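Everything below concerns the one structure shown next.
Every chain is numbered from 1 and lettered A, B, ... according to where its sequence line falls, protein lines coming before strand lines. The figures that follow rest on heavy atoms only: side chains count, while hydrogens, waters and symmetry mates do not.
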Amino acid sequence: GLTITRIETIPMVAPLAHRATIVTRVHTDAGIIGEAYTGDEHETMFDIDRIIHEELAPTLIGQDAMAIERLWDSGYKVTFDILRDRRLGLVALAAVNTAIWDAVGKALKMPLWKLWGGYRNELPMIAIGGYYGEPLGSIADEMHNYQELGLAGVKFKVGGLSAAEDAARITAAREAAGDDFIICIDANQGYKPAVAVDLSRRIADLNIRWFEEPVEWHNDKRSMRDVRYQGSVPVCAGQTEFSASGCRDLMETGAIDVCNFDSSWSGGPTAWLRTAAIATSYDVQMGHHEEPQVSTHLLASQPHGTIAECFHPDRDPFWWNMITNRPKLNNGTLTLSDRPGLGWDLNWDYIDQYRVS
Amino acid sequence: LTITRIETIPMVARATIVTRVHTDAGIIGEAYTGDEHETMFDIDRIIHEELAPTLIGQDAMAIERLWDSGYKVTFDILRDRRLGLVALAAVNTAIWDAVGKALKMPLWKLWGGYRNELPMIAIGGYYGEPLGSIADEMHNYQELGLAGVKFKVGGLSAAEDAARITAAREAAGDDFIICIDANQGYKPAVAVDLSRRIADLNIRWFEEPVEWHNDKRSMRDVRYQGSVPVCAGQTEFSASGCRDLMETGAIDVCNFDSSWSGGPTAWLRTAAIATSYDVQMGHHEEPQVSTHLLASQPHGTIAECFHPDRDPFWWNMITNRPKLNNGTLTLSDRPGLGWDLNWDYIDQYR
Amino acid sequence: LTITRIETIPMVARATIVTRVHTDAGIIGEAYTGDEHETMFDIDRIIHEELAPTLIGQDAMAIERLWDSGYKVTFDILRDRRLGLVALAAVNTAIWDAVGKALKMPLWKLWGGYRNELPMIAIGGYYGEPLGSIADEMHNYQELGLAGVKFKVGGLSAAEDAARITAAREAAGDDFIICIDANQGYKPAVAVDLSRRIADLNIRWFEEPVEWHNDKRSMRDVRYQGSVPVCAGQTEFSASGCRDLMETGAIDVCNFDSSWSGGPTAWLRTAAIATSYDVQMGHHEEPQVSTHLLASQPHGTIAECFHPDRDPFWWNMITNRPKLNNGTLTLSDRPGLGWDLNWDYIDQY
Amino acid sequence: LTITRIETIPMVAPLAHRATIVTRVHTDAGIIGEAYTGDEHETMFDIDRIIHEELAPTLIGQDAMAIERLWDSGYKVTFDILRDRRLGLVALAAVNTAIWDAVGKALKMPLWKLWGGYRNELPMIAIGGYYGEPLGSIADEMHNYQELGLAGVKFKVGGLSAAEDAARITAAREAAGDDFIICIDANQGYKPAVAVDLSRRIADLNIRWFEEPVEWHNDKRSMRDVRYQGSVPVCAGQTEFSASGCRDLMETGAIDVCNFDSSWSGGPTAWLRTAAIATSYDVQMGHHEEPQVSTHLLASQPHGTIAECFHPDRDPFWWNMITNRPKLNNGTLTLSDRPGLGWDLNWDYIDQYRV
Amino acid sequence: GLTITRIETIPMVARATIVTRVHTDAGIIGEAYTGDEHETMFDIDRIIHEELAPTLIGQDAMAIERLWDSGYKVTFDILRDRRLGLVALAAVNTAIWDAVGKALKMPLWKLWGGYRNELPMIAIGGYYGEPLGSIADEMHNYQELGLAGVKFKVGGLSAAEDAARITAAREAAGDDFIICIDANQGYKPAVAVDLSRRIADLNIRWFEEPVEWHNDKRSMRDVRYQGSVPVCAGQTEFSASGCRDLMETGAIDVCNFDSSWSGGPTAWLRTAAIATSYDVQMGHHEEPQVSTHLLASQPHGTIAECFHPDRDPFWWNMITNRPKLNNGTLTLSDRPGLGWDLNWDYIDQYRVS
Ligand SMILES: [Mg+2]
Ligand SMILES: [Mg+2]
Ligand SMILES: [Mg+2]
Ligand SMILES: [Mg+2]
Ligand SMILES: [Mg+2]
C-alpha cells in the first residue's frame with residue numbers, strides 16, 4: 001500500500017521568449033512525493049486548481065494510491081458536471097492521476113515506461129513548428145535549427161492556405177531538411193475535405209509520416225476517413241476527443257492510422273492507456289499531442305507507440321526549463337533512464353520564480 | 001529480472017499444465033493454466049520449442065516486449081489457433097506471477113486494485129443430474145458457501161429449460177445468483193422464447209445463447225428481443241473479436257477467457273475496451289487467475305468455479321485458497337497470484 | 001436416391017480422404033477432399049460415427065435436409081471446429097457427385113452453368129526457391145500451360161518482397177496472371193507499402209495481406225490505401241464469416257474454401273451472398289471441386305492448383321484431367337464431378 | 001435443352017379485377033416450361049412487350065439448362081433508367097420461372113426438391129382481415145378460413161389507431177382459437193410509435209409476425225426499432241427490388257423473416273440468392289402470396305416458413321388456374337413428386353379470360 | 001394567409017412536361033413546370049387533380065410543412081410506381097413555393113438561404129452516336145454557347161474506350177472547362193475503378209452513377225476509394241432517407257438528388273441540410289428552371305445543368321427572360337418566386353390533352 005496524506009498544487013505562468021501549467025504533488029505516509037506538471041490551461045488554471053482541491057482531494061486523502069482503478073473511478077465524477085466545460089474536470093483528474101502514477105512508480109522503484117509495459121525505453125522526438133508568418137524564421141532556417149538541436153523531425157503546421165500553397169510550404173521543408181527527417185503535418189481541423197484530399201495527393205512523394213486533424217470539427221470522423229482513403233498520407237487524430245470512447249469511435253469509423261489522444265487533457269495515463277489497449281485491437285498506432293514529460297514514458301511502454309513531441313524553446317519554456325535531467329537527444333532519439341516514476345528532477349529555482357496565485 | 005529457465009509440469013488427475021518461469025533473482029513465476037487434454041503435449045511442445053527461445057535471457061519486467069515476440073506462435077495457419085494462444089497464456093500468466101513477486105504486489109492490485117473481494121458461483125445444472133436433482137444441487141452449492149450458479153441450458157425446448165430454471169430459483173431462494181449458459185445451443189427464436197419465459201426469475205445473464213456461425217448478430221437480437229442480459233466472449237480468440245461482439249451490441253458482459261487467449265495481457269486489453277463500451281467483465285472459469293483479473297477492474301463481476309466433484313485442481317492444488325464467506329472470496333496481499341501449490345498432489349499426478 | 005453406405009479411404013502419398021456414398025441405385029457418389037494429415041483419422045471418425053447416422057437410409061436428393069442434419073457436427077465446443085466442417089464437406093461433396101450422376105448432369109452446369117471453362121493458376125513462389133529461381137519457376141508454370149501464379153509473399157519487407165514480385169512479372173511477361181498471397185503475414189502499413197510499390201505490375205489480387213486478429217478492418221484499409229484488389233475468405237469458418245468480410249468492405253474477391261467449411265452447399269451460399277455485394281468468387285486450391293464451383297457462377301474467377309512436385313493428387317488421382325489450353329481448363333459434360341479415379345494409385349493408405 | 005419459343009398469354013378475370021401472364025418456354029425436346037406470375041394489370045401489356053422484345057432475343061436458341069448464363073444476360077432489362085424498374089423485374093421473373101419449370105421437367109424433378117428438398121409440405125394461410133369487412137365479420141371470416149382448411153391468416157392492419165387495430169386482432173384470436181396462425185400486415189401504414197404501441201398491446205395474442213409496420217421512406221431503421229421496442233417478430237422484403245435490398249434489411253436488423261416476392265423481383269433465381277443470404281443472418285424466409293411458386297420455393301429451404309393465398313372471392317387464379325391443386329390437410333399443403341412446378345393448368349379457364 | 005383557390009395543369013409535348021399553376025385568393029398565381037415524364041404524364045396529371053387538389057383547395061399556401069405533410073400520402077400507394085406520386089407532389093410543391101416567394105416579394109434563391117445568386121452551368125452531352133457532332137465539335141459548341149462545361153456520358157464502352165473519349169473531350173475543351181462524367185449506372189465496379197484511374201490526370205469534376213443499380217451504395221463507395229475521382233449520386237433515390245443512406249455509406253462526394261422527381265424543393269432542401277452534416281456537396285439532376293435557385297441558395301451548392309438547345313426546347317424556349325450566360329456563369333435576378341416569364345404562345349402551340 002501507499003497511503004495519501006495531502007494534495008499540493010503549484011500554478012505557474014511563464015513568459016514565452018505566456019504559457020501556464022500546474023505542478024501537482026501527492027504526498028504519502030511513506031514520504032514519497034508523486035509529482036508532475038500537466039496541461040497548459042491559462043484562463044481556467046485557477047478553476048482547475050479549485051476542482052483539484054475541493055472535488056478530488058477529498059476522494060484521495062487517506063486512500064491507497066496503489067488502488068489506481070478505485071481512485072480514478074471515484075474522481076471521474078468531476079467530469080459529470082453539466083454546467084461547465086467538460087475539459088475542466090478532465091484536466092484536474094489528469095493532473096492528479098499523473099502525480100499518483102509517479103508516486104506508485106517511486107514506491108515500486110520502477111520507471112513508468114517500464115511499469116506501463118516496457119516495450120522499449122527510447123523513441124524519436126520531433127518538434128511542433130512551421131507556424132504561418134514564420135515567427136521562428138524561414139522554413140529552411142527553422143528546419144535546420146531543429147536538426148542542430150538534435151531533433152528527429154517536425155510536425156509542420158498547415159490548414160490555413162490553399163492546397164497548392166501549403167503543398168509548396170511542405171515541399172520547402174522537405175527540401176531544406178533532406179530525407180532522413182520525419183515530417184508530419186497538422187491542419188488543426190482547418191480544411192474542407194476536398195482541399196485536404198488535394199493537399200494529401202500533392203505531397204504523396206514527400207514521405208509525410210502522417211496528416212493530423214485535416215478537417216473541420218463537426219463531421220471530423222467521417223470526413224477525415226475520406227481524406228485517409230481518397231488521399232495518400234496516413235491520418236492522425238484523437239487529441240480533440242474527450243475520452244477513450246471517443247477515440248474508439250474514431251477507430252471504428254476508420255478515420256485514423258494513428259491516435260494522438262492527449263492524457264493531460266483527458267483524465268491522465270489511466271485513460272490514455274485504455275485508449276492504447278483499444279488501438280491494439282484496431283491495429284492503430286499511438287501518438288500523443290505534446291506533453292513530453294509524460295508522453296515519452298506512455299509511448300515507449302507500448303508496442304504500437306510512435307513518436308514523442310515538443311515545442312521549440314522559444315515557444316515552450318517548460319520542457320526546456322522545468323526538468324534539470326532531460327536526456328540528451330542522440331540520432332533524433334531520447335532514451336529514458338531507469339529512474340523510478342517519471343524520473344524527473346524539477347527545477348525548483350524556476351518554479352519559485354514563476355509560480356503564481 | 002532475467003528469465004533463466006522455462007519449466008512445465010503437465011498433469012492429469014481434468015488436465016492442466018503447471019508452468020514455471022525461473023529468474024536470475026530468487027524469484028520463480030508459476031501458475032497452472034487451461035484444461036486442454038488431447039492437446040496438452042502439443043501445447044507443451046510449443047511452449048518449450050517456440051516460446052522458451054524468445055524468453056531465456058530476457059527481462060520478465062518488459063511484458064509488452066515479450067508478449068509481442070511470443071505472439072508469433074498464433075500465426076501458424078496449419079494448426080488450431082488455440083494451441084498458440086494457450087501456450088502464450090501459460091507463459092504470460094507465469095511471468096506476471098514473477099513480476100508480482102518481484103514488486104511484492106498481489107496481481108489484483110498490480111492490475112488495477114479496484115477491490116480485493118468478489119462473489120463466486122459454480123458451473124452446474126448439467127443434463128443427466130450427475131450431481132443429483134436440481135433442488136439438491138442448488139442446496140449443495142449453498143452449503144459450500146457459493147454465491148450462486150451458472151446453470152446449463154441449451155439442450156431442450158424453451159418451455160423445458162424454462163422449467164428447469166424455475167426449479168433452480170424455487171429451491172435456491174432469492175439471494176442466490178442464477179446465470180444460465182446455453183453454450184451456443186439455441187436458434188435465435190428459441191433463445192428469445194426462453195429469455196422471455198424466465199423474465200421474473202431474476203437471471204443474472206444469458207451466456208452464449210445462439211448457434212455459432214452468426215452468434216454476434218443473433219445474440220444481439222436475443223438481447224433486445226429478450227428480457228435477460230447477454231454474456232459471451234469465451235469463444236473469441238482475441239480482443240479484436242470481443243471488440244466485434246461489443247461493437248455489434250451483442251453483449252452486456254464479456255467473459256473472454258485469458259487462459260484460452262494469450263493470457264492476462266490479452267484479457268486486460270479486452271477489459272480496457274469494455275470500459276469504452278460500458279460492458280462488464282466476467283471470465284470463463286479458471287478461478288486461480290480470474291479472481292485477480294476480475295477484482296482488479298471497476299467493471300469486473302463474478303468469479304466461477306466447478307463443484308469439487310468436477311474439478312480437483314482448484315480444490316486440491318491450492319493449499320491457501322481463501323475461505324468463502326457469504327458467497328464472497330477475498331484475496332490476500334500475497335505477491336503475484338499468491339498461491340501455494342500442493343506439490344504432494346503434483347508429484348502424485350504428472 | 002436412398003443412401004445405403006458411407007465408405008472412406010484415408011490416404012498419404014500430402015494426405016486426403018476418398019469418400020464414397022453408395023446409393024440404392026448402382027450410383028456411387030465420390031470425391032476426395034481436404035489436405036488434412038494430423039487430424040485425418042479424427043475426421044474419418046466423425047464421418048462414420050456422427051455423419052453416417054444422419055445419411056444412411058435417407059434421400060441423397062434432399063441435400064438441404066441432409067446438410068441441416070449433419071451441421072450439428074460443428075457444434076462441438078471441445079474441439080477444432082474445422083474437424084466437423086471438413087467432415088461435413090467430405091460427405092456433402094460426395095453426395096453432390098451422386099446427385100449429379102443421378103440427374104445425368106455435370107456439377108458445373110447443375111450449380112448454375114454460367115460457363116464450362118476458366119483460367120488455371122499455380123500456387124508458387126515459395127521462399128527458398130524450392131523449384132529453382134523465380135524466373136525458372138514462372139517459365140516452368142508457363143511450360144505447363146498454366147494461366148498464372150499465386151506468388152507467396154508476406155515474409156520479407158515491402159522492398160524485398162516487391163523485388164521478388166517484380167522478378168516474376170519480368171520473367172513471365174504481360175499476359176500471365178499474377179496474384180500474391182501473404183498468408184496474413186504483414187502489418188497494415190507494410191502491406192499498403194507493398195501494394196503501392198507493385199501498383200504498375202498489374203497484380204490480379206492481394207490475398208490475406210494482414211495479421212489475423214483484426215484482418216477484416218485492416219485489409220479493408222490495405223484495400224483502400226493500397227492499389228491492388230484484396231482477396232480473402234479461406235480462413236473463414238462459414239458463409240456468415242464471409243458475409244462479415246464483405247460487409248466490412250474488406251474484399252474484392254472471396255476465396256472461401258469449400259473443403260474446409262461444409263462443402264459446395266456452404267460455398268454456394270457464400271457465392272449467393274457475394275452477388276448481392278458485387279464481390280467475385282475464387283476458391284482456395286482444391287481444383288477437383290473448385291473448377292465446377294467457380295465455372296457455374298457468373299462472378300467466378302480462377303481455379304488454382306499446385307506444381308506437380310508439390311501436389312500429386314490432382315496430377316495423379318484423376319486419370320481424365322482436361323489438358324490446359326491457353327491457360328484455360330474446359331470441363332466435360334460428364335455427370336457429377338466427372339472424375340475417373342486411378343485405383344492403382346489409391347493403394348497408398 | 002434448346003429454347004424454341006417464348007409464348008405469353010395475358011389474362012384478366014373478375015373478382016367476387018385481377019390479371020396475370022401465363023408464360024410458356026418451348027424447347028426442342030418435348031418439354032414446355034410454363035407458369036403464371038405477378039398480378040400486374042395496368043402495366044401487363046408493357047411487361048408482355050419487354051418479355052418478347054427484350055428477353056426473348058437472349059433466350060431463343062439458347063440452352064435452358066444454363067440458368068445463371070441466361071439470367072445474367074436477361075438482367076440487363078432492369079437497367080432501363082426511364083421506366084419503373086419493376087417492369088423489367090417482373091418480365092425477368094416470368095421467363096426465369098418458366099425456365100425453371102422446364103429444367104425441372106427435363107431432369108424429372110419437382111422444384112421443391114431440385115431447389116433443396118428440405119421438406120415437401122408446409123402450412124398455408126390466407127391474406128384477409130380487409131377493412132370494411134368485405135368477406136364478412138372478423139369472426140365469420142376466420143371461421144371461413146378454418147372451414148377451407150387454412151392454417152391461419154395474414155390479418156390487415158395499419159389503418160386505425162393502435163387501440164382499434166389491437167381490438168380487431170383480439171377479435172381474430174378470440175374467434176379462431178389458439179391453434180391458428182395469425183400474422184398481421186400494416187402495408188407500411190404506421191408511424192414507428194404507433195406500430196410499437198400496437199405491437200405491445202398484442203404481446204399476449206401470440207402473433208406470428210408483424211409485416212411491414214412502418215411508412216416507406218425510412219422503413220429499414222424504423223421497423224428495426226418496432227422490432228426491438230415492440231414484442232412481435234417483424235417481416236418485410238416484398239417491397240425490395242433485389243437480394244441486395246433484402247441484405248440491407250437483414251444487416252440493419254430490421255427483420256426476423258424475409259418475404260421477398262420472386263414474382264416481381266427477378267424470379268426463383270433471385271429469390272434463392274436472398275434465401276442463401278438469409279441463412280447467414282439466421283433470418284427466416286417467407287414469400288408474399290404467389291402460392292403457385294412460393295410453395296416450392298419455401299418448402300425447399302430449411303428456414304422456409306409459411307405459404308399464403310387469398311380467399312377465393314379475392315383471388316380467382318390460385319383457385320381456378322390449377323386443376324390438380326393439393327387438398328389442404330390440417331392447415332398444410334403437401335407437394336407431389338410431379339416434375340417442375342408440377343401444375344396442371346386449366347385451359348378452359350385460360351381460353352375464357354385471356355385478353 | 002394566402003388561400004389556394006384553384007390548381008391548374010397544362011400538360012405539353014414539344015420532350016414533355018407539365019406546367020402547374022396554383023391560384024390564390026390574393027392576386028398571386030404560383031406557377032412552374034417540372035419533370036419530363038412522357039408515358040406517365042396524364043397518370044401524374046390525374047394524381048395532382050384527383051389526390052392532391054382536394055388537400056389544397058381552400059388552404060393556406062404559406063404553411064408549406066402542413067400541406068406537404070398531407071400531400072405526402074400520395075406516395076403511399078403500393079400498387080403503382082412510387083415516382084408518380086413523388087412527381088405529382090413535386091409539381092404542386094414547386095408551384096406553391098413560387099407563390100410564396102411572390103407573396104413575400106422574395107426570389108427563391110434568397111428565400112431558401114441566399115448563399116449566392118450566381119453559379120456555373122454545364123450541358124449534359126457526350127451522347128454516343130455523335131447526335132450533336134464529333135466529340136471535339138460538341139465541345140467547341142458548348143464553348144460558344146458560353147457554358148462552364150459538360151457532363152460527358154459514358155458507361156457504354158470498356159474502360160479504355162470511354163477513357164479515350166473523355167481524353168478527347170479534355171483535349172478539345174482545354175483546361176478551363178468543367179468536365180463531369182455520368183455512367184448512368186452502367187459499369188461493374190472493377191470497370192468503373194479502371195476508368196477512374198485512367199482519367200486521374202484529366203481533372204474530372206465528378207463521376208456520376210458509376211455502377212449497376214442493385215448494390216450501388218457500397219459499390220460506388222469502393223469506386224470512390226479505389227479510384228481517383230469524386231463520386232456523385234442521388235438522382236435515383238426516392239427520398240432524403242435514400243440520400244442519407246448514400247452519405248452514411250460514404251458512397252458520395254456530391255448528391256444530385258432531383259426535386260422534380262422526389263416531392264419538390266421541400267424534400268430537396270431536407271437533403272441539403274442532411275448533406276451539410278456529412279460535408280457532402282449539393283448538385284441537381286437537370287431541371288435548371290428550379291435547380292438554379294435551390295443550388296445557389298446553399299453554401300454547399302455546386303453547379304447547375306441543362307441540355308443543348310437541340311435537345312431541350314423548354315429551358316431555351318419556355319422562359320422568355322432567361323439570364324444570359326457570362327463566363328460560363330448564370331446570375332439570378334431578384335424577381336420574386338422562381339421569377340420566370342413563360343412564353344404562352346409556345347405553351348399554346350405545344351400544350352396537349
Ligand atoms: Mg495536432
Ligand atoms: Mg460458458
Ligand atoms: Mg492463400
Ligand atoms: Mg405484405
Ligand atoms: Mg445523371
Flag if over 12 foreign heavy atoms under 6.0 Å of CG, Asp201(E): no
Close side-chain approach of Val74(E) and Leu52(E), heavy atoms under 4.5 Å: yes
Donor-acceptor pair, side chain of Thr17(E) and main chain of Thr34(E), under 3.5 angstrom: yes
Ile124(E) vs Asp312(E) side-chain heavy atoms within contact, under 4.5 Å: no
Heavy-atom side-chain contact between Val22(E) and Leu56(E) under 4.5 Å: no
Contact list for residues 86-104 of chain E, test salt bridge (charged side-chain N to carboxylate O under 4.0 Å, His left out), sequence neighbours left out: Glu31(E)-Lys102(E), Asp98(E)-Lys102(E)
Sub-4.5 Å side-chain heavy-atom contact between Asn141(E) and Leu132(E): no
With sequence neighbours excluded, residues passing side-chain contact (heavy atoms from CB on, under 4.5 Å) with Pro309(E): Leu145(E), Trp316(E)
Expected output: side-chain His214(E) to main-chain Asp216(E) donor-acceptor under 3.5 Å: no
Under 3.5 Å side-chain donor-acceptor pair for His284(E) and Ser259(E): yes
Main-chain N/O of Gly339(E) paired to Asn321(E) side chain as donor or acceptor, under 3.5 Å: yes
Residue pair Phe314(E) / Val19(E), side-chain heavy-atom distance below 4.5 Å: no
Sub-4.5 Å side-chain heavy-atom contact between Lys188(E) and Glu212(E): yes
Validation row: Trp340(E), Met318(E) side chains within 4.5 angstrom (heavy atoms): no
Approximate separation, where rounding is to 0.5 Å, of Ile7(E) CD1 and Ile48(E) CD1: 9.0 Å
Partners passing side-chain hydrogen bond (donor to acceptor under 3.5 Å, both in side chains) against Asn203(E) (at least two apart in sequence or in another chain): none
Side-chain (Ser196(E)) to main-chain (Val229(E)) donor-acceptor, under 3.5 angstrom: yes
Closest non-hydrogen atom pair, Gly125(E) against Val150(E): N-CG2, 3.6 Å
Under the side-chain contact (heavy atoms from CB on, under 4.5 Å) test, residues paired with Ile81(D) that sit two or more places apart: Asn184(E)
Where at least one partner belongs to residues 216-235 of chain E, residue pairs that pass ring-ring contact (aromatic ring centres under 6.0 Å, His included), sequence neighbours excluded: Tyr229(A)-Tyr225(E), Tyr224(C)-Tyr225(E)
Nearest non-hydrogen partners of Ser162(A) and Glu165(A), listed with the distance: OG-N, 3.0 Å
Closest heavy-atom pair and its distance - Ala272(E), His300(E): O-NE2, 2.9 Å
Set of residues satisfying side-chain hydrogen bond (donor to acceptor under 3.5 Å, both in side chains) with respect to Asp341(E), sequence neighbours excluded: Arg335(E)
Under 3.5 Å donor-acceptor, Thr20(E) side chain and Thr9(E) backbone: no
ring-ring contact (aromatic ring centres under 6.0 Å, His included): pairs with one or both residues in residues 155-209 of chain E, sequence neighbours excluded: none
Cationic N near anionic O, under 4.0 Å, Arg202(A) to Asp198(A): yes
Exam field: side chain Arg170(E) to backbone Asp175(E), donor-acceptor pair closer than 3.5 Å: yes
With sequence neighbours excluded, residues passing side-chain hydrogen bond (donor to acceptor under 3.5 Å, both in side chains) with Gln281(E): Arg205(E)
Flag, side chain of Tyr128(E) to backbone of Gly156(E), donor-acceptor distance under 3.5 Å: yes
Aromatic ring pairing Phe79(D)/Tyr75(D), orientation class (parallel under 30°, perpendicular over 60°, tilted between): perpendicular
Sub-4.5 Å side-chain heavy-atom contact between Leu295(E) and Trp268(E): yes
Pair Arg218(E) + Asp278(C), salt bridge at N-O below 4.0 Å: no
Listed partners of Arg49(D) passing side-chain hydrogen bond (donor to acceptor under 3.5 Å, both in side chains), at least two apart: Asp46(D)
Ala61(E) versus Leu67(E), closest heavy-atom pair with distance: CA-CD1, 3.7 Å
Main-chain N/O of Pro313(E) paired with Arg15(E) side-chain donor or acceptor, under 3.5 Å: no
Check: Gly263(E) main-chain N/O paired with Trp68(E) side-chain donor or acceptor under 3.5 Å: yes
Donor-acceptor pairs under 3.5 angstrom involving side-chain atoms of residues 235-243 of chain E: please list them, not counting sequence neighbours.
residue: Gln235(E); atom: NE2; partner: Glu208(E); partner atom: OE2; Å: 2.6
residue: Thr236(E); atom: OG1; partner: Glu209(E); partner atom: OE2; Å: 2.7
residue: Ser239(E); atom: OG; partner: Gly242(E); partner atom: N; Å: 3.4

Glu138(E)/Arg165(E) ion pair, N-O < 4.0 Å: no
Reported CD1-to-CZ distance for the pair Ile252(E) and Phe257(E), which is rounded to 0.5 angstrom: 11.0 Å
Set of side-chain contact (heavy atoms from CB on, under 4.5 Å) partners for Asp81(E), sequence neighbours left out: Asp84(D), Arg83(E), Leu84(E)
Any side-chain donor near an acceptor of the partner, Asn256(E) and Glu305(E), under 3.5 Å: no
Main-chain N/O of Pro107(E) paired with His293(E) side-chain donor or acceptor, under 3.5 Å: no
Side chain to side chain donor-acceptor pair (under 3.5 Å) partners of residues 104-119 of chain E, not counting sequence neighbours, each pair once: none
